[PDB]
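From first to last, the protein sequence lines stand for chains Z and S. Under my numbering, residues 1 to 282 are what the first sequence spells out, in order. Under my numbering, residues 283 to 564 are what the second sequence spells out, in order.
Number of protein chains: 2
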Amino acid sequence: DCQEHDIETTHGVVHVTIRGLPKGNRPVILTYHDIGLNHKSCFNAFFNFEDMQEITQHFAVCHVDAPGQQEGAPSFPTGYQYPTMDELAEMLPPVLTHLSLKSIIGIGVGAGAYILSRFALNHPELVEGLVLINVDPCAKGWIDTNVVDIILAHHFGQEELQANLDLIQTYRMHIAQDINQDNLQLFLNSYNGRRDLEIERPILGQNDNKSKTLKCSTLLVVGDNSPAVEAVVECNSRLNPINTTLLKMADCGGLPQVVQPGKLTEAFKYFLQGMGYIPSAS
Amino acid sequence: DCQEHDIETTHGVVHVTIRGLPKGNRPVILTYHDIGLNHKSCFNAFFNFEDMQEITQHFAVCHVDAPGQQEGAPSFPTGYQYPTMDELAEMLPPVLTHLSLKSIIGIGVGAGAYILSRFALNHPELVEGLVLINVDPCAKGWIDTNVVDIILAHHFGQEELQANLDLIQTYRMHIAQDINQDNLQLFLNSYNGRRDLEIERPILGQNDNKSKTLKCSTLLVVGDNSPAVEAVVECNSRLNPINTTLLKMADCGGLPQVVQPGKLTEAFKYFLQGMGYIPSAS
């Protein structure tokens, strides 16, 4: 039913978790997490939600852990060359060849969402569709205390983060303990050094300076209280509106998939129906 | 390549025109023209365009003429029971069944857009997606001189009607000469008899009091200078935004398939790419 693979890439080893069994024609739901998290802390609560098991049983599900972010991972040596964001994206095609995966439907949070975008631009033939949570298609442009507090700021809004409710302290413990703290630095370093996605919205008038844009279907997802609102909004204006949709989720900040899974599952179902998959869903 | 069929239905005879052959589990691009037009005056100028014949090589094209609206159609006898807009939609499964078709990608104009929309709600299993040009989901809301002058004003905006005579004059003659004038008044009457499409936008928490909507991918099209702007915007407001995109074509009159085929074809190509069809550039 399930399996775990330490897949050999040109940029090192990538740890994956396959759930279910895919047929040749149907794509796999490939998953890619955010900084401070892994496939478990990011997605398991969402994917194992009642309404999601109705959807996921029809598909296979391939959960990608970022280098040295998988649970029980050993510490990378001090001066280890940690894969760049673009290089992380180049580690995905080898995963698809190893597991004989013909194509994917991508779900990504933050850093994961960037990587799956780069992957989708790198290979439109492999990506059928994307669900991009808290995506930032822009470079940071900000380089300077506590890596855990830096990542908590990336995820949760100031109002939300200042309050320090059960959710905040829960995910403080996740980021602190679940992930190798030496490797988390390097993964955050890679993400903070991401380049501009170089996407621009096409104009039907004529070719737009050969600006690239996601060919596949794209569902953008952001919480109203999220610090990534302006980033996801900017990403929406730079993507093809005919193949892109913007979901603003109410009374919600960081990690919409964990806080409002019932709403995001319904959004996901509609998204999968539009593509022609899972018609009988009543 | 070419075959025209006079398909026998319960609501009478429907004229269809099949271009190319449909094979290998791919949908036919089924079309439905507007009031005062037929498939020739509505689509042949759009479909014979250089950038459209590149797409239609891989697809099969089924041109549906509305009862009596086809070329050289004999006049319906005085007091003929002309099918309702809901009955016109109930004639489409016979078409799909008669021609051994599994499903369609629908291109509807005005009344044709309403008819394809009703067909999609009745039979979501038979419709993979809809391009709806100048669609109005709401009933006229009231009842009634020169039929040609009415249909011109239906199609064409105020500043457009007197600015570009070349189009208005050519189509004045299409509405007047190329179609049976007895039958035309009946098709017009049927369209003005249309009920509310009874679609509502889904709430991501709420259950709409079990209101229905289009479960397929939909591209709403209308020109900035069309008299059908607010009706198509009103249609957009009542559809699922995750499955629906609105295209307001800048500097575009009543007929974007006639006026701006270059831009609309490009839009339709992106629309088909989102569904997973026609991956590579044409």
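We put the beta carbon where it would ideally sit given N, CA and C, even for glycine.
Chain Z residues whose Cβ lies nearer than 8 Å to that of residue 538 of chain S: The residue labelled residue 538 of chain S in the question sits at position 256 within the second sequence. Simply none; closest approach about 10 Å.
Pick from S:451, S:388, S:371, S:380 that is closest to residue 500 of chain S, judged by C-alpha positions: Position 218 of the second sequence, counting from 1, holds the residue named residue 500 of chain S. Comparing Cα-Cα distances from residue 500 of chain S to each of S:451, S:388, S:371, S:380, the minimum goes to S:388.
Under 7 Å by beta carbon: chain S residues contacting residue 263 of chain Z: As a position in the first sequence, residue 263 of chain Z is number 263, starting the count at 1. Simply 486, 487.
Simplified DSSP assignment, three categories, for residue 151 of chain Z: Reading the first sequence from its first residue, position 151 is the one you call residue 151 of chain Z. Here residue 151 of chain Z sits in helix by DSSP.
Coil, strand or helix - residue 314 of chain S by DSSP: For this step, residue 314 of chain S is matched to residue 32 along the second sequence. Three-state result, residue 314 of chain S: strand.
DSSP bridge partner residues for residue 166 of chain Z (one or two, in chain order): Position 166 of the first sequence holds residue 166 of chain Z. Answer by DSSP bridge pairing: none, since residue 166 of chain Z is not bridged.
Cross-chain neighbours of residue 552 of chain S in chain Z, by beta carbon under 7 Å: For the purposes of this step, residue 552 of chain S is taken as the residue at position 270 of the second sequence. Under the 7 Å cutoff, chain Z gives 240, 242, 243.
Minimum Cβ-Cβ distance from residue 217 of chain Z to chain S less than 8 Å: To locate residue 217 of chain Z, count along the first sequence from 1; it is residue 217. Residue 217 of chain Z counts as touching chain S.
CA-to-CA distance, residue 190 of chain Z to residue 404 of chain S, given in whole angstroms: In the second sequence, the residue the question calls residue 404 of chain S occupies position 122. In the first sequence, the residue the question calls residue 190 of chain Z occupies position 190. Their Cα atoms are separated by approximately 51 Å.
Cα-Cα separation between residue 482 of chain S and residue 537 of chain S, rounded to whole angstroms: Translated into positions along the second sequence, residue 482 of chain S becomes position 200. Translated into positions along the second sequence, residue 537 of chain S becomes position 255. Between residue 482 of chain S and residue 537 of chain S, the C-alpha separation is close to 27 Å.
Contact with chain Z by residue 306 of chain S, beta-carbon distance below 8 Å: Position 24 of the second sequence, counting from 1, holds the residue named residue 306 of chain S. No, because no Cβ of chain Z sits closer than 8 Å to the Cβ of residue 306 of chain S.
Neighbouring residues, chain Z, relative to residue 529 of chain S (Cβ below 9 Å): Here residue 529 of chain S refers to the residue found at position 247 when the second sequence is read from its first residue. Neighbours of residue 529 of chain S on chain Z, chain order: 204, 241, 242.
Test item: CB-CB of residue 63 of chain Z and residue 17 of chain Z under 8 Å: Here residue 63 of chain Z is taken as the residue at index 63 of the first sequence, counted from 1. Here residue 17 of chain Z is taken as the residue at index 17 of the first sequence, counted from 1. Cβ distance < 8 Å, so residue 63 of chain Z and residue 17 of chain Z count as in contact.
Length-filtered (3 minimum) beta strand (DSSP E) runs lying within the segment 1 to 71 of chain Z: 3 to 9, 12 to 19, 28 to 32, 61 to 65
Whole runs of the alpha helix (DSSP H) within the segment 519 to 564 of chain S, excluding any shorter than 4 residues: Within the segment 519 to 564 of chain S, the runs of alpha helix (DSSP H) at least 4 residues long that lie entirely inside it are, in chain order, 538 to 541, 543 to 556.
Separation of residue 395 of chain S from residue 272 of chain S, as counted between CA atoms: As shown, chain S starts at 283 and ends at 564. That puts residue 272 of chain S outside it, with no answer to give.
Ordered list of beta strand (DSSP E) runs contained in the segment 102 to 135 of chain Z, each at least 3 residues: Fully enclosed beta strand (DSSP E) runs of 3 or longer: 104 to 109, 127 to 133.
Segment limits, alpha helix (DSSP H) that includes residue 97 of chain Z: Along the first sequence, read from residue 1 onward, the residue named residue 97 of chain Z stands at position 97. Taken as a continuous stretch (DSSP letters only), the alpha helix (DSSP H) holding residue 97 of chain Z covers 92 to 98.
Selection from S:543, S:563, S:564, S:554 that minimises the alpha carbon distance to residue 327 of chain S: Here residue 327 of chain S is taken as the residue at index 45 of the second sequence, counted from 1. The candidate whose alpha carbon is nearest that of residue 327 of chain S is S:543.
Residue 374 of chain S and residue 401 of chain S closer than 8 Å at C-beta: The count along the second sequence starts at 1 and reaches residue 374 of chain S at position 92. The count along the second sequence starts at 1 and reaches residue 401 of chain S at position 119. Yes. Within cutoff.
Beta-bridge partners of residue 221 of chain Z, as assigned by DSSP: Position 221 of the first sequence, counted from the first residue, corresponds to residue 221 of chain Z. Residue 221 of chain Z is bridged to Z:133, Z:247.
Run of the alpha helix (DSSP H) containing residue 182 of chain Z, from where it starts to where it stops: Along the first sequence, read from residue 1 onward, the residue named residue 182 of chain Z stands at position 182. Unbroken alpha helix (DSSP H) run through residue 182 of chain Z: 181 to 192.
Residue 377 of chain S vs residue 429 of chain S beta-carbon contact at 8 Å: The residue you call residue 377 of chain S lines up with position 95 of the second sequence. The residue you call residue 429 of chain S lines up with position 147 of the second sequence. No. Outside cutoff.
Meets three-Cβ-pair contact criterion under 8 Å: the segment 241 to 257 of chain Z and the segment 542 to 561 of chain S: These segments touch.
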